[PDB]
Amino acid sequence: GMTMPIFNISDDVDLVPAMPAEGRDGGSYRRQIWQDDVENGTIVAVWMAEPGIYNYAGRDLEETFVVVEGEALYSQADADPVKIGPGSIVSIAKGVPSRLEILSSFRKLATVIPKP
C-alpha cells in the first residue's frame, strides 16, 4: 500500500540549522513537519538542540511545544529557570521572551500559530 506520514523525532533528517548556542555558531536545528495552506496557518515542526544557551526575544506568534528527548533549564520573561524534560509541555504567549539552557541533546515538537 502507500506509506503513511509518520516520522521519527529521533532521526536527524532534513534538519535545517536554526539558532546557534551562545558562544559558538551552531547548536539547534529545525525540521518542518506540517503547515496549513492558509495565510498565517498553523505550523508543526521539530526543533533539536545540543547543550548550550539559547535566548529568544518575544515573537509575533503563539507556541506550544512538547519535549520528547533531553533536558533543559527553561524560563520565560523574568521567571527563575525550571528544569524541563521528556513529557514537559510548554506554552508561550505572543511577545514573551524566553531562554533555554539545554542540558542534554534535546528534541521538541512545536506547534506555532502566527500572530502578525
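Sequential numbering from 1, following the sequence displayed.
### Query
According to the deposited model, is the average Cα temperature factor higher in 1-9 or in 105-113?
Result of the comparison: 1-9.
### Query
Per the entry, where is the mean C-alpha temperature factor higher: 32-40 or 56-64?
Per the PDB record, 32-40.
### Task
Ordered by C-alpha B-factor within the chain, which third holds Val16? Give me lowest, middle or highest, please.
Within its chain, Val16 is a lowest-third residue by C-alpha B-factor, going by the deposited values.
#### Entry: Ranked against its chain, the third holding the CA B-factor of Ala77
For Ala77, the deposited C-alpha B-factor lands in the highest third.
### Task
For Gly85, return the chain-relative third of its C-alpha B-factor as stated in the PDB record: lowest, middle or highest.
For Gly85, whose C-alpha B-factor we compare with every modelled residue in the chain, the answer is the lowest third.
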